[PDB]
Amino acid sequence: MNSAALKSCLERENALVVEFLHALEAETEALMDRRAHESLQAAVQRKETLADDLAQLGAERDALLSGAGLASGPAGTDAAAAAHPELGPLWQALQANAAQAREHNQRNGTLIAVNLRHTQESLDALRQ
C-alpha cells in the first residue's frame, strides 16, 4: 500500500482502458462492415438486369408465337411443343426452372424482412 502499489494500479487500469479501446475499434469495424450489404446489392442488381432481359425474351417468344398464328404465353408455347415435340424438353425445363426461381424469389423477399428484423432487434438490445 504505497506509491509502487499506486503505480501498479494505474498501469493495470490503463491496460484495461487500452484493451477497451481495441474492443471499441472492433465494435466500430462491425458497425461499418457493409460486405453483406454490398453482396446483396450486387445480387439484386444482377436480378434486375436478368429480369429485364427475360421480359425481352418473353416478348420475342410471343412475337414468334403470334407470327405462327398461335396464342401467346404458356398456352401458345404448349401448342408449339405439341406441334414440334423436339422442343418439349426445353419448354419443360424452362417452366420447371421458372417455378423454382419464383418460389426462391418469394422466399428471399420474406427473408429480407427477417434479416432486417434480426438486425433491428440485435441493435435495439444494445440501446441501454
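Throughout, we count residues from 1 along the sequence that is shown.
query = Do the C-alpha atoms of 119-127 or of 4-12 have the higher average B factor in the entry?
reply = The entry gives the higher C-alpha B-factor average to 119-127.
task = Quick one: say whether 19-27 or 107-115 has the higher mean Cα B-factor in the deposited entry.
result = If you average the C-alpha B-factors of 19-27 and of 107-115, the larger mean comes out for 107-115.
query = Checking the entry, which one of 90, 64, 99, 82 has the top C-alpha B factor?
reply = That would be 82.
Third of the chain's Cα B-factor distribution that residue 95 belongs to, per the entry = For residue 95, the deposited C-alpha B-factor lands in the lowest third.
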